[PDB]
Amino acid sequence: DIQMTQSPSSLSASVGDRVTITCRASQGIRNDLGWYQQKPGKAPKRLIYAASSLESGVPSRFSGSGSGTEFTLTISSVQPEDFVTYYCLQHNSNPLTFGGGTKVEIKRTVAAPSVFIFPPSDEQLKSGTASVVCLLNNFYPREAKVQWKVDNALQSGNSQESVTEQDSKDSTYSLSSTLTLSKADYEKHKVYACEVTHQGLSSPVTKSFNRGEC
Amino acid sequence: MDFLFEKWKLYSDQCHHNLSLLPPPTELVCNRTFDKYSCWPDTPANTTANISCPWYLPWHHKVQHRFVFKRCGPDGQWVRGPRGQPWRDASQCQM
Amino acid sequence: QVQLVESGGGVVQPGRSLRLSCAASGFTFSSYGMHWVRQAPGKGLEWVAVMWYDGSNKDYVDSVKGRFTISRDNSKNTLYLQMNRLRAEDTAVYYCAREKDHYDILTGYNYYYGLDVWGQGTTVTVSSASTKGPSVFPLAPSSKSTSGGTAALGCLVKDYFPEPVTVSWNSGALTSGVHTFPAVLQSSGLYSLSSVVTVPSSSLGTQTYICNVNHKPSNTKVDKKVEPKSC
């Protein structure tokens, strides 16, 4: 079973940089390999075939290389539309295998996120459930750490996060994190706090609302 | 060019026919076949079958005394290649 | 214009079966090997199955062996994927791809050239969830700083199925500062997303903010007002 180790999982670039993506096959695969680009919401689209050949109608900045066990995808000068996911595919032996993929992200300056906390809405409480949402707005880089505390009790297993794709205008990320629990747990506890840990920060930030929908 | 294809198609047609007139197997085998290269009979499992190099080869007069081999697995299945295609040892028959 | 077009996707309960189709055009379907590839929601690509002409050369990825069946109807240039005893891991977008091979007569070798043409894809969602409209909850601004700075508000689109839901603000009039987050799959099997927007804190009390939630599957169209609180 041939493994395709792809590197890195995600990278950082400014338009004009040279980008290099590596693919290491666990078994000699001669030149039976192709590189793929997949734009969000769209199907993969082969760019390089036979390891180093360029598909017809693809920019001259894309080039593949290597044979046997080591392969490389290169973009001489990254372009704004090139910041998307890339995959290597080996067609030497069944089953066919892909690399984990590479998400190419455009880089900007660090940006601490602006944080907001929203208590449950009266209308929901009427239902028997309570959602406390915490918003990390327009930050960078993506790496962020959100922690819930109710009565300063670190919560675990009761939340879910979701992050938006990098913004076209400022290139930032924003994430929403929903801590959910019962009206009962919600109505016996007192103070609900959202602590955010990020780079653009120094000291972990905490936005706290208390029971009484304050 | 084509003439090679024509001799090759001849060879295939001939083994598709050659193989119709055969008795049913009495044991665990690998169904007879034309693997696109040579015509194989019913071969007992876990054994390797041999054949004189196919005559559509242009150099068949120099390898007429040589052989192509095809392994039949213990499974009752001919061994396939990397991509699952008909597989064989034709090194003796190559140029 | 060489093309592949896939259909047959949808919601199907675990245990049950689905049939996928891949219609081809612009080329001679018979002279090529066809593949299926899938992609779980936030994951990468995974090869699933492959057939040929004969079709005596069918291969499947281990996890679908004895469960999925690949077939092709050359009379009507169509690829199929029979999916039986479906389960959670089958939830994904399924693509179909084309691959050319070449048989060398002289050498008896078979050469393969990889996957060059794909289809748009088709989604398979394995679940026992029923079509359901979302419950729309406001997320209110607060501080309360006098006469304020900049604020944030939004809507909680909770407990719907299946995807997607489209969200607008003031009927599309407000597009600045708006972040509609990707939906999460809750432990209940229901989806839930948050749509948010940041506004100047002074515009509050005057500007009226309404989110416009649209969930097509359930023909649910909701407009919810978002106002500040008291306490």
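### Regarding unusual backbone geometry
Residues and elements named next belong to chain A.
Reasoning step 1: In this chain, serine 7 is followed by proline 8 through a cis amide linkage whose omega measures -5 degrees.
Reasoning step 2: With respect to the helices and strands, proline 8 occurs in the loop between β1 (4-7) and β2 (10-13).
Reasoning step 3: Following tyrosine 140, the chain continues into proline 141 via a peptide bond in cis, with omega recorded as 5 degrees.
Reasoning step 4: Residue position: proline 141 is located in the loop between β13 (129-139) and β14 (145-150).

### Some details on the interface of chain C and chain A
Reasoning step 1: Counting residues at the interface gives 45 residues for chain C, matched by 39 residues for chain A.
Reasoning step 2: Between chain C and chain A, roughly 3200 Å² of surface is buried when both sides are summed, and carbon and sulfur atoms account for 64% of that area.
Reasoning step 3: Counting the surface chain C buries against chain A, the share from its top three residues, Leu45, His179 and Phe181 of chain C, is 18%.
Reasoning step 4: Remark: the boundary between chain C and chain A carries three salt bridges.
Reasoning step 5: The shortest N-O distance in the salt bridge between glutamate 123 of chain A and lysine 224 of chain C comes to 3.6 Å.
Reasoning step 6: Taken together, the links from chain C to chain A amount to 13 residue pairs in polar contact.
Reasoning step 7: Among the residues forming the side of chain C that touches chain A, the class breakdown is 24 nonpolar, 13 polar and eight charged.

### A word on the domain arrangement of chain C
Note on interface size: it is often stated as the accessible area lost on association of the parts.
Residues and elements named next belong to chain C.
Reasoning step 1: As far as domains go, chain C holds domain 1 (1-128) and domain 2 (129-231).
Reasoning step 2: Opposite the four residues of domain 1 that make contact, domain 2 presents five residues.
Reasoning step 3: Per-residue buried area on domain 1 facing domain 2 is highest for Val11, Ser127 and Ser128; these three make up 81% of the total on that side.
Reasoning step 4: Seen at the junction of domain 1 and domain 2, the total is zero salt bridges.
Reasoning step 5: Split into classes, the residues belonging to the side of domain 1 that touches domain 2 amount to one nonpolar, three polar and no charged.

### Things to note about the state of the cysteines
Reasoning step 1: For the structure shown, the criterion picks out eight disulfides over all chains.
Reasoning step 2: Between the sulfur atoms of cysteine 214 of chain A and its disulfide partner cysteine 231 of chain C the distance amounts to 2.0 Å. One end of the pair, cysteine 214 of chain A, is in the segment after β19 (205-210); the other, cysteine 231 of chain C, is in the segment after β19 (220-226), on a second chain.
Reasoning step 3: Since its relative accessible area comes to 37%, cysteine 214 of chain A is described here as partly exposed.
Reasoning step 4: The exposure class assigned to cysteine 231 of chain C is exposed, which follows from its relative accessible area of 60%.
Reasoning step 5: Residue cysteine 15 of chain B pairs covalently with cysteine 39 of chain B via a disulfide, S to S 2.0 Å. Linking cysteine 15 of chain B in helix α1 (residues 2-18) with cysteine 39 of chain B in strand β3 (residues 39-40), this pair joins segments that are 24 residues apart in sequence.
Reasoning step 6: Here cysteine 39 of chain B falls in the buried class, since its relative accessible area comes to 8%.
Reasoning step 7: Sequence-ordered numbering of the disulfide-bonded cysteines in chain B gives the connectivity 1-3, 2-5, 4-6.

The rules behind the values
Residues numbered from 1 in each chain as written, not as in the entry; some residues may be left out. Chains lettered and ligands numbered in written order. Heavy atoms only, no water. Helix = DSSP H or I, 4+ residues; strand = E, 2+ residues; numbered from the N terminus. Contact = heavy atoms within 4.5 Å. Buried area = accessible area lost by both parts, 1.4 Å probe. Salt bridge = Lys/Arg side-chain N within 4 Å of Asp/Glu carboxyl O. Polar contact = N/O pair within 3.5 Å; in protein donor to acceptor, adjacent residues only side chain to side chain. Nonpolar A, V, L, I, M, F, W, Y, C, P; charged D, E, K, R; others polar. Domains from an automatic or database assignment. Disulfide = S-S within 2.5 Å. Buried < 20%, exposed > 50% of the residue type's maximum accessible area, 1.4 Å probe, protein only.

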